[PDB]
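Below is one structure, written out as structure tokens; the observations come after it.
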Amino acid sequence: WXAXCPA
Amino acid sequence: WXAXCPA
Amino acid sequence: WXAXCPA
Amino acid sequence: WXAXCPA
Amino acid sequence: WXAXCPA
Amino acid sequence: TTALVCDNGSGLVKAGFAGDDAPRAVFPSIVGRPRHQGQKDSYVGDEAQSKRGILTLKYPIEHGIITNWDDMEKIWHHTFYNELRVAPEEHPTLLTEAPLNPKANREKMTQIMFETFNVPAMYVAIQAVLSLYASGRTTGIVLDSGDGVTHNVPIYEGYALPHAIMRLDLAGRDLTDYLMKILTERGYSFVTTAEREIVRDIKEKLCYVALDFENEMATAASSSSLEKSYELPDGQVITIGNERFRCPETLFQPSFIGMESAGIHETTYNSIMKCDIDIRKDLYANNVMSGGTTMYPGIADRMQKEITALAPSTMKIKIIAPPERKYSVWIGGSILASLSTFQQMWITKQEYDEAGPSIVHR
Amino acid sequence: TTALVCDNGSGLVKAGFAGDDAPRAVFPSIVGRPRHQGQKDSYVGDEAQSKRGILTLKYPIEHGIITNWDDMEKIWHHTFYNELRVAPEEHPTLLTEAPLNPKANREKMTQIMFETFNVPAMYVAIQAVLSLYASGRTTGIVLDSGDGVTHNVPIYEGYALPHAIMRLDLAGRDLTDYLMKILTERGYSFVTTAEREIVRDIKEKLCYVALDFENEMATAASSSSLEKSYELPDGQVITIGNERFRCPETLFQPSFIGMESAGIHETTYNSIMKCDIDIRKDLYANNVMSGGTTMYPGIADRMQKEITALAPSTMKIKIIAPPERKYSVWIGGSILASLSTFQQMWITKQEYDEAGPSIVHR
Amino acid sequence: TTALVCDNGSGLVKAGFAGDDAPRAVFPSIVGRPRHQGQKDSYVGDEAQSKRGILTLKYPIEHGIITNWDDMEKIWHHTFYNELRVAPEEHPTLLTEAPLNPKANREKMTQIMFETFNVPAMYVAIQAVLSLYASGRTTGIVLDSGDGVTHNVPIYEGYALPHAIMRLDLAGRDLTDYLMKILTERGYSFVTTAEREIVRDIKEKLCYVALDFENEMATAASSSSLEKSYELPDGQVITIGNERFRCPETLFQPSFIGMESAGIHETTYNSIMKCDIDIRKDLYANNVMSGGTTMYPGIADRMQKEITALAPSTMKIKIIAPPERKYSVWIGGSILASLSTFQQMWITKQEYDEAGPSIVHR
Amino acid sequence: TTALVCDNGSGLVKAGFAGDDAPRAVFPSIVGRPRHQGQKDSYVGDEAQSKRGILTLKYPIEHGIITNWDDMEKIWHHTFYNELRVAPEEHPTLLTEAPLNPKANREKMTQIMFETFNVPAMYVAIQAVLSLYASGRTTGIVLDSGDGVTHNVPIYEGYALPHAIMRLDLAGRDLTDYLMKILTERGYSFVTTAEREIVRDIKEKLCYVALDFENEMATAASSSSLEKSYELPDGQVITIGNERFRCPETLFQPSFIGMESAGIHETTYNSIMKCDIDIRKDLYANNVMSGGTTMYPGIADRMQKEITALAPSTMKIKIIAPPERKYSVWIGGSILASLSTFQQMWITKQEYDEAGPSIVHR
Amino acid sequence: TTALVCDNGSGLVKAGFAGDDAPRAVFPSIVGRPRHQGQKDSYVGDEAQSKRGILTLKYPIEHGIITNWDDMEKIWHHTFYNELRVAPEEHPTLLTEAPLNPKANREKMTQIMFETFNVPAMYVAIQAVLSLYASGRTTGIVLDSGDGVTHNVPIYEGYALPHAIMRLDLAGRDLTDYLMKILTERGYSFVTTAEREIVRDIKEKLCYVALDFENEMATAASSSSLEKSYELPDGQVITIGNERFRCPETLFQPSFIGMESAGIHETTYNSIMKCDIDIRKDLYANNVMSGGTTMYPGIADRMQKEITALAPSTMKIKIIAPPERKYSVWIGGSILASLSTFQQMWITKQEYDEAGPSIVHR
Ligand SMILES: Nc1ncnc2c1ncn2[C@@H]1O[C@H](COP(=O)(O)OP(=O)(O)O)[C@@H](O)[C@H]1O
Ligand SMILES: Nc1ncnc2c1ncn2[C@@H]1O[C@H](COP(=O)(O)OP(=O)(O)O)[C@@H](O)[C@H]1O
Ligand SMILES: Nc1ncnc2c1ncn2[C@@H]1O[C@H](COP(=O)(O)OP(=O)(O)O)[C@@H](O)[C@H]1O
Ligand SMILES: Nc1ncnc2c1ncn2[C@@H]1O[C@H](COP(=O)(O)OP(=O)(O)O)[C@@H](O)[C@H]1O
Ligand SMILES: Nc1ncnc2c1ncn2[C@@H]1O[C@H](COP(=O)(O)OP(=O)(O)O)[C@@H](O)[C@H]1O
Ligand SMILES: [Mg+2]
Ligand SMILES: [Mg+2]
Ligand SMILES: [Mg+2]
Ligand SMILES: [Mg+2]
Ligand SMILES: [Mg+2]
């Protein structure tokens, strides 16, 4: 992801 | 109804 | 709640 | 180690 | 070698 | 040939052929539409009940008034072609209504019958008087209290007494809503449309009319002997206490839901008072209770008690409330339609076309 | 001496002494427990917010119902002894609740007050009516919509109209969850409990109510002029587009989260319809909006528009939504408690002991 | 002509032609690059697995999100031209995704299809609903838990219930990492990328789900009867004890890896609770488990037990988890694509070009 | 009485009494045996260093794992009776270990303590957390990188975050070996075990961390200004060029020795990413570097630079790396042991005897 | 045109034209100078061998390092103009080296080629990888053990694994010296330089590798069946007993000459261990032995035995050691040079002149 978590 | 109460 | 919804 | 790497 | 061993 | 009787109640649609002693198609007057995206655009009656969890259910009728003609029409469509399996142009039809419904309502129905359905001939009757026929009487007071609207029509020796007809909008659906609020304070919550129908089911099984409401409350406070268990569709268990009678009590005390009207026991009494003294005795001895709300256990006894107090001493109060009172209107329709005298009363398409919608007011 | 007012909201705990124009202790109703091993067993309020990264946070209250009594009790403990620094046996207390909460909830609270805290006397009031006092009015419709539950109470010239009270479980926490789902499709992810609180912070700063939702969507599609930046605690930058108003829109269209209820603008309207025609005009001219969700920019204007459409022409719709509406309930409490008339309404321990918990239903 | 189905999972790439009952090309979604100097610049799928000892392997997909488009594109290239041996412009294609993936991801894929591959038409479907088609049902709860991401989608009579879709990032790769840590304490060490793949192989062969985790732990402590032997690629022998079930246990207790989410048995339950009571029974009787992680021996029985406890008594919990559940998604794709009704749903290049990427959100 | 702290590092054995600010016995963990025939069977520590020219030296510990128990035991023997001059049964002891070492290792040590040494009570602690105590902090990231193994443990407000502990086998001994290979290409040769120790000495004196590795390489190519001279034990002169920083560079680029792991600056970063966003800021402001490899000149500045680039803008990166960081673990031990709270944590022989070796995992 | 391959071994100079299957000029890398007064100033190769009785012979190369550039240059001179009869400026040349030789050595050679010999273009290759080409393999472990230095290079599918290259200075000349010492205790004496060469001749004819060294010793003690006779140049007869295998045994036990290194069978094993587990199997099945010391009878069988013991059970140990393994490096050179792909790798004088000597490190 672009925030929270990686991806 | 069209007045008083809904119906 | 104790039924319907959680609470 | 007992596998992977020596130790 | 230039140290350790001859060569 | 054989006339087709169709009771357009606000709760159930009860249709069947005249001559039979029972309606053939009985199902909820409900039209449901998919709450979420996904397959029919809408579902009707038992379909709606079957898939109600994902549907927004609407009643096309409220207090005996048709509010949604599109949905109303749809139900009739469904009825005739899916429930009874019969082309409407083959038979005379009998429709019913509650007293004092707006004339536009009456006429609009008629219009549909002579356009969409091309009904050969039709007639609109008061639900109350049909009930009286079912009771085998020519004299009495018909108390019709179903889902939609409660009303009271005094009849004497085959004559109407229109100046003393009472109408009370308090009915089954109001009891339903009231009950919901009570269940809330108990500790539950029924707010969705699907939940509404569940609540209704509970009411129909566990509620009863207390003889002496106050003492019944005291007893309920005293112990759990009155508590019952009701299993919900998903397996949960509902424990119900004094709500088992506090709900129906509203019929005798409308103030519970903010209404100014006196209870139905006084409504009846008042109608009687509006009739000339000469026939009051006959009416006291022939009260006829019919319609779904009169199905509560002990309501007749409670009623008797209430009236007895209001009425003059020695005026025997006899309340007639036989088994199957739930369908007495439909039965009355079956009777009337089969009656040969009545045949002159059919309103033909011919007459309608010539005079216009106003003709129904006769 | 001086009464102590304590607003047990589902979001914030707002407590302070009567007579003051503002609460003294305002903090989140949160109890947190260490997610990992290691030092307190639990943290409360601002402690929890401070160390939330390593805590599992729980709300003891949901939709105005106390679900976890142990944690609830803990918060009160914390409040009285750590936030206000006062022994509870020294002062009368005022607690509040939302309409139609289960009676067991109400009584249980009372029990605790007369056991754990030994409160001299107490009273439980409806949040809505307190808000009305703060507005300086005796007539109007109170729309209380906070974190926990939205409700609507019509009041006329000092009299209650209980038969028309609406309750809607759609509230601030639901908006929070909905927003999370939206942020997901945007390209972010907020799923932990700590993250929840971050999301909340965003909402409170960047969301607003579109006047014309559809046109606002179109504009958002048209360009980035509506986009804003929000810096996360760890320095990352969140870019937010149409979510800045698509989130709060849910209040007017509950279907977004699968609810069948109409939006709050119709909820209000419906309550009005349930009141007798004679007083509808007065109610239209006195809508009072209060509670945290009414803090969104332009929500009043949107509300006016919506009601204006629903209401009959010429019925001036006046919406009162003053600065500090966020604390109007607490303020109302301050007022009421200081009111000398009210003193007769306190429920003393004496009375409680003699009658039992049922006494609170009065 | 015949549509081409391609399941872009995070673990395996499963592609094949619609109408077949099995995928034709099944291989790891891995791109490998030479760790040392030396011959291809990169290797894909089975190539990577074959030479993995000297390669740094990357997964282009993480948690259902494409993180490396260059590598992603490369895999598709490889798939179409090396595995299936077919020019993409000859066939419609069906791609899949997990619920709630960021919209940018979805659109980007589409863009590639209409640029690099020039796909005639395409459609993106939710993996969960495809699984449901494979199960022959229109009602049930699909639990898709593979390598990438676990998710749960409730479906009722052909309608979606989007407001109750759950997403859980806990998946096969997390189990892999957890297992590594456990093997470490046992006395081994698997830290390289190549070693990762070895670990995976072990898991797939020797892990199972304990019925009663605690008792299973006790038994493992009691004796070596549960110990197994696994021979490594270089001939060494791994002796595994309680790790054979302590690993998969994480699915029921995510706290093992620091997550706050409840286990999958509660995730499912919660989704059910979010659905209206009317349909909960039907869902309880139709749980569908699919995806690679549901291949663990006895996981269905464990699941049943867990749900049984959570669900109300008498609510029969029926879990459907047939052989080949591993490919149910792909199968569903085969079915749907062959379905003639569905043909109207294809998104053509024509439409795309005119509307732009936003069109996929439909 | 006074607890005895013993840091069993893979490089140096650091032991001393709690309460002191420095270890009393610090010597190499080496056991040497006569390479040729001849007088002790073996030599330990400084003895081994003194006569290393004729000895084959072995390290009993590798990567934090004890591989040779006989030699390990011997060192402890030597320590207690020759270096500290104290009977072990007189004092509680504190041993340390690196995270994720195989459980068998841990237990075996314990067994020895309760058999050979008859230690009253003992405790095994993580080296990282002890370092944190020495730094006077409860929050931060401990980067312990010594001879044996590099590891990284995030700690927040006195709580552990075990799910984000990193372990990297790259350490001081690997740097040593790498350096040897480099010296070879320079024109020298260090292949004997004795020579190994010489190489180590060089490293500890002449290596430093380049700020910008590439520019430093360029400068080294440009001129001899960076060249230094090191005189060997036999009087020969070693001229060292770019090896003075090319060696330590490996810590940031493990690929130099064939490892797949990212450098330590990314290892740290990754650990941070595995922690919930709420506490990342606090961790960024409190990096703690300790252990012998952090003694290289300028390594902190290099580290800051590296992290600064990886971290979000404005996230102040503060690296704490005080003088004597080399012994911070031992110091931490001194502190903890003197701490009175801690006394409850000692594992007594009594408990051990009853429960068995498994008890240490607590 | 045709490339010229020149293997600058420390023992023999092996040169010839690419494309041929055998070197054309094979002679000792020896420069001899008159020990007494007297006629050339020096003699080279076979000249030196012919008149060695009156010459002091020097090897310009030691352990793969050129120690005497003047003599080295002289040999090349002699080679090109006296042995091959060809002007060096006419052909590309291929030189070889052992892994990890000092970079100054490499560059100095290059300088000479572009000054004294004016070589059009040249390339320096690792002896080990050339051997691999000769074996027809892309995967395996090359064990190059000649006169100068023993080394071990693991290669996998055309990729180098530099981090696991082993270098062992134990080689043919060390075996020679060791043998001398043994012959001394037998009763002979070989101390002059000329005598050295005689010793070498003996070794090459009568030594072999015992399968089970200890049993072989026992047998030698038991009887004279193993004794052989060797006639010296002057007609004397040497009787050799257990020295026929005690000498070569040193390769498996370097401790015989005071080295700490493990034997070559463990050196190989260790290199394998340094490679990632995924490819260890492939390496076990492809050991390639080449270079003059691998010419001892039965050394392959001994090697197999040794490795078999060290390697995990079932890991088939296949050792490839074909006839002519002695020249496999030269052969590899012939192959590589003829390979057309390789042509891009030549280092031209042009490039050298522009970049400088550093260019060779590529
Ligand atoms: N056993 C029962 N007890 C009480 N009410 C009932 C029972 N069965 C049905 N009802 C109620 O009767 C109403 C429907 O009866 P009915 O007289 O047919 O209504 P309508 O004529 O208005 O359609 C519903 O409100 C329903 O709850
Ligand atoms: N600026 C703001 N805009 C919108 N909502 C807000 C703002 N500030 C607070 N809130 C919301 O108000 C709620 C708390 O308000 P409050 O009325 O005190 O709740 P409750 O009375 O249920 O405790 C929270 O859901 C919070 O997000
Ligand atoms: N026998 C097995 N037992 C358990 N897990 C398995 C088994 N076989 C495969 N898997 C796991 O299934 C996952 C891949 O399954 P799949 O559902 O296709 O993943 P995705 O759909 O995310 O690509 C991998 O994580 C793999 O380890
Ligand atoms: N001045 C120095 N510079 C760099 N490294 C050093 C220095 N002094 C010691 N070291 C290294 O520190 C390591 C030992 O430190 P230590 O942290 O005690 O190791 P361990 O805790 O693993 O025993 C050795 O590898 C040694 O080379
Ligand atoms: N038959 C043989 N048996 C054993 N060793 C031999 C034999 N023939 C030659 N050698 C040895 O091989 C070495 C030369 O082989 P070679 O591999 O060409 O060395 P280099 O490549 O280092 O020049 C010499 O040490 C020589 O004694
Ligand atoms: Mg009726
Ligand atoms: Mg509030
Ligand atoms: Mg999948
Ligand atoms: Mg250390
Ligand atoms: Mg050679």
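In the structure tokens, chains take letters A, B, ... by order of appearance, with residues numbered from 1 within each chain and ligands from 1 in the order shown.
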Once you count only C-alpha atoms and all ligand atoms, which residues end up within 7 Å of ligand 8, and could you hand them over as a JSON list (two decimals) with C-alpha atoms, in the first residue's frame?
[["chain", "number", "residue", "atom", "x", "y", "z"],
["H", 9, "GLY", "CA", -2.75, -15.03, -7.92],
["H", 127, "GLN", "CA", -12.01, -14.29, -7.13],
["H", 144, "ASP", "CA", -10.79, -17.49, -0.37],
["H", 145, "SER", "CA", -7.52, -17.91, 1.29],
["H", 146, "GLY", "CA", -4.47, -18.35, -0.81],
["H", 147, "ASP", "CA", -0.91, -17.16, -0.88],
["H", 291, "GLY", "CA", -7.80, -21.49, -2.14],
["H", 329, "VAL", "CA", -11.43, -19.98, -8.78]]
(message) 12 Å from ligand 9 is the threshold here; counting only C-alpha atoms and all ligand atoms, which polymer residues fall inside it? Answer as an MDAnalysis selection string.
(response) chainID I and resid 6:14 63:64 95:99 126:131 142:152 171:172 289:294 325:332
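With atom CA of residue 197 of chain J on one side and atom CA of residue 249 of chain J on the other, the separation reads 20.4 Å.
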(request) With a cut-off of 6 Å and counting only C-alpha atoms, select all residues of chain G in contact with chain H and give the selection as a list in words. (result) residues 185, 186, 187, 257 and 258 of chain G
(request) If you run DSSP over the backbone, which residues in segment 166-215 of chain F end up helix (DSSP H, G or I)? Put them as a PyMOL selection string. (result) chain F and resi 172-186+193-206+213-215
Selection export as a tab-separated table (two decimals), in the first residue's frame, atoms kept: N, CA, C and O atoms:
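Output file part-v4.tsv follows:
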chain	number	residue	atom	x	y	z
F	172	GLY	N	-53.47	-3.35	13.18
F	172	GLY	CA	-52.40	-4.32	13.35
F	172	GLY	C	-51.00	-3.77	13.14
F	172	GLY	O	-50.10	-4.07	13.92
F	173	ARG	N	-50.81	-2.96	12.12
F	173	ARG	CA	-49.48	-2.42	11.88
F	173	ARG	C	-49.03	-1.48	12.96
F	173	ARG	O	-47.83	-1.26	13.13
F	174	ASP	N	-49.96	-0.90	13.69
F	174	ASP	CA	-49.58	0.04	14.69
F	174	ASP	C	-49.17	-0.72	15.89
F	174	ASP	O	-48.22	-0.35	16.58
F	175	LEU	N	-49.84	-1.84	16.10
F	175	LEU	CA	-49.47	-2.70	17.19
F	175	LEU	C	-48.08	-3.23	16.95
F	175	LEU	O	-47.30	-3.33	17.89
F	176	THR	N	-47.77	-3.52	15.70
F	176	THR	CA	-46.45	-4.00	15.35
F	176	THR	C	-45.39	-3.00	15.72
F	176	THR	O	-44.42	-3.34	16.38
F	177	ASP	N	-45.58	-1.76	15.30
F	177	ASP	CA	-44.60	-0.74	15.60
F	177	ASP	C	-44.44	-0.51	17.08
F	177	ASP	O	-43.32	-0.33	17.56
F	178	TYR	N	-45.55	-0.50	17.79
F	178	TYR	CA	-45.49	-0.31	19.21
F	178	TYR	C	-44.70	-1.40	19.85
F	178	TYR	O	-43.85	-1.14	20.70
F	179	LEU	N	-44.98	-2.63	19.46
F	179	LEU	CA	-44.26	-3.76	19.98
F	179	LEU	C	-42.78	-3.61	19.76
F	179	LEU	O	-42.02	-3.90	20.68
F	180	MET	N	-42.36	-3.16	18.59
F	180	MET	CA	-40.95	-2.96	18.36
F	180	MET	C	-40.33	-2.09	19.41
F	180	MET	O	-39.27	-2.42	19.95
F	181	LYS	N	-40.97	-0.97	19.71
F	181	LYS	CA	-40.43	-0.08	20.71
F	181	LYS	C	-40.32	-0.76	22.05
F	181	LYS	O	-39.35	-0.55	22.78
F	182	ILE	N	-41.28	-1.59	22.37
F	182	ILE	CA	-41.20	-2.30	23.60
F	182	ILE	C	-40.06	-3.31	23.61
F	182	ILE	O	-39.36	-3.47	24.60
F	183	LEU	N	-39.89	-4.01	22.52
F	183	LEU	CA	-38.82	-4.98	22.49
F	183	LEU	C	-37.49	-4.31	22.67
F	183	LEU	O	-36.58	-4.89	23.26
F	184	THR	N	-37.38	-3.08	22.20
F	184	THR	CA	-36.19	-2.32	22.38
F	184	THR	C	-35.86	-2.16	23.84
F	184	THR	O	-34.75	-2.47	24.27
F	185	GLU	N	-36.81	-1.68	24.63
F	185	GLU	CA	-36.52	-1.51	26.05
F	185	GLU	C	-36.25	-2.83	26.75
F	185	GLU	O	-35.52	-2.87	27.74
F	186	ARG	N	-36.78	-3.92	26.21
F	186	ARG	CA	-36.51	-5.24	26.76
F	186	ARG	C	-35.06	-5.60	26.56
F	186	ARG	O	-34.42	-6.15	27.46
F	193	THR	N	-36.79	-3.73	7.62
F	193	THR	CA	-38.06	-4.12	7.10
F	193	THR	C	-38.25	-5.62	7.26
F	193	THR	O	-39.34	-6.09	7.57
F	194	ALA	N	-37.18	-6.37	7.04
F	194	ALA	CA	-37.26	-7.79	7.23
F	194	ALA	C	-37.56	-8.09	8.68
F	194	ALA	O	-38.38	-8.95	8.99
F	195	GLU	N	-36.91	-7.35	9.58
F	195	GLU	CA	-37.16	-7.53	10.99
F	195	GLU	C	-38.60	-7.26	11.34
F	195	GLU	O	-39.16	-7.98	12.17
F	196	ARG	N	-39.21	-6.28	10.70
F	196	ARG	CA	-40.61	-6.02	10.90
F	196	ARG	C	-41.45	-7.24	10.77
F	196	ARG	O	-42.31	-7.51	11.61
F	197	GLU	N	-41.20	-8.00	9.72
F	197	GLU	CA	-41.98	-9.18	9.49
F	197	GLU	C	-41.76	-10.21	10.57
F	197	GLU	O	-42.69	-10.93	10.94
F	198	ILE	N	-40.55	-10.28	11.09
F	198	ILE	CA	-40.29	-11.19	12.19
F	198	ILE	C	-41.10	-10.82	13.40
F	198	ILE	O	-41.69	-11.68	14.05
F	199	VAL	N	-41.12	-9.53	13.71
F	199	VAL	CA	-41.87	-9.04	14.84
F	199	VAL	C	-43.30	-9.44	14.74
F	199	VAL	O	-43.88	-9.90	15.72
F	200	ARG	N	-43.86	-9.27	13.55
F	200	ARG	CA	-45.22	-9.65	13.30
F	200	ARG	C	-45.45	-11.09	13.66
F	200	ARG	O	-46.42	-11.41	14.35
F	201	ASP	N	-44.57	-11.97	13.21
F	201	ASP	CA	-44.72	-13.37	13.52
F	201	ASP	C	-44.77	-13.62	15.01
F	201	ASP	O	-45.55	-14.45	15.47
F	202	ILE	N	-43.94	-12.92	15.76
F	202	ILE	CA	-43.94	-13.10	17.20
F	202	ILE	C	-45.27	-12.77	17.79
F	202	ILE	O	-45.84	-13.55	18.54
F	203	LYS	N	-45.76	-11.59	17.45
F	203	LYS	CA	-47.03	-11.09	17.92
F	203	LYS	C	-48.15	-12.08	17.76
F	203	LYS	O	-48.90	-12.37	18.69
F	204	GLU	N	-48.24	-12.64	16.56
F	204	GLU	CA	-49.28	-13.58	16.20
F	204	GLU	C	-49.26	-14.88	16.98
F	204	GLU	O	-50.24	-15.63	16.95
F	205	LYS	N	-48.15	-15.16	17.63
F	205	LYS	CA	-48.00	-16.39	18.37
F	205	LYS	C	-48.03	-16.22	19.87
F	205	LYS	O	-48.60	-17.04	20.58
F	206	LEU	N	-47.38	-15.18	20.36
F	206	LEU	CA	-47.26	-15.05	21.80
F	206	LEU	C	-48.08	-13.98	22.48
F	206	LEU	O	-48.09	-13.93	23.71
F	213	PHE	N	-55.70	-5.89	32.89
F	213	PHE	CA	-54.38	-5.40	32.57
F	213	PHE	C	-53.51	-5.05	33.75
F	213	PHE	O	-52.34	-5.42	33.77
F	214	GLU	N	-54.05	-4.34	34.72
F	214	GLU	CA	-53.24	-3.94	35.84
F	214	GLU	C	-52.78	-5.09	36.68
F	214	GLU	O	-51.61	-5.15	37.08
F	215	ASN	N	-53.67	-6.03	36.94
F	215	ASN	CA	-53.28	-7.16	37.73
F	215	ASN	C	-52.33	-8.03	36.98
F	215	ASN	O	-51.46	-8.66	37.58
